[PDB]
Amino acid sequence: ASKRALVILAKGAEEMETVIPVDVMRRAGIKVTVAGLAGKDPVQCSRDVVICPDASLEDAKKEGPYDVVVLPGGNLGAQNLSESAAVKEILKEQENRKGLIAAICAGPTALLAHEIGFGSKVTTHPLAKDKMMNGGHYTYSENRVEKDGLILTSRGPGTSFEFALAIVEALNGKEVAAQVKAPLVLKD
């Protein structure tokens, strides 16, 4: 009866945007797998924080399905996500079974690369707007967190807590999100 989350971790990912959702989702009782795009080996994030993934994406792919697939940002991280055929397959499968897809900052640009969720309202980091909108395939929002259908997007490292709590609220409900939020000492 446990919800499951896949977090895809590539070289150059924004480490804050990786750790905050993982930590919060685990506080909410979600089983999170931090899966390394390139293997089980340690991943050097954008600000040189080095994180050990729980599994390779190859192995984590076989233990599906997940209730949410999480794509962190960081410019080089999103580019590695956008170029990976394994991500495309995971995302396409998740879209077909109507599971949640969550991406933050530059992460939403992987969606465009993989032709995921066309027609949806999305937000990105402001500096990633032009890239996300090449072709007019999405409608842009400046909300800090945006949720359209099964696509949940958010804007930057500073929105990471709100992004993560929105994932909790979607998987586990508003009361669990409120319960996990209180000990964090957020402002609003």
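When you see a residue number, it is the position in the sequence shown, counting from 1.
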Comparing 173-181 with 10-18, where is the mean C-alpha B-factor higher? 173-181
Would you mind comparing 124-132 and 158-166 for me and telling me which has the higher average C-alpha temperature factor in the entry? 124-132
Please work out which residue in 58, 48, 146, 54 has the highest C-alpha B-factor recorded for this crystal structure. 58
Residue 109: which third of its chain by C-alpha temperature factor? lowest
Sorting the chain's modelled residues by C-alpha B-factor, tell me whether residue 37 ends up in the lowest, middle or highest third. highest
Ordered by C-alpha B-factor within the chain, which third holds residue 62? Give me lowest, middle or highest, please. highest
So where's residue 85 on the chain's Cα temperature factor ranking, which third? highest
Taking the C-alpha B-factors as the PDB entry records them, is residue 69 in the lowest, middle or highest third of its chain? lowest
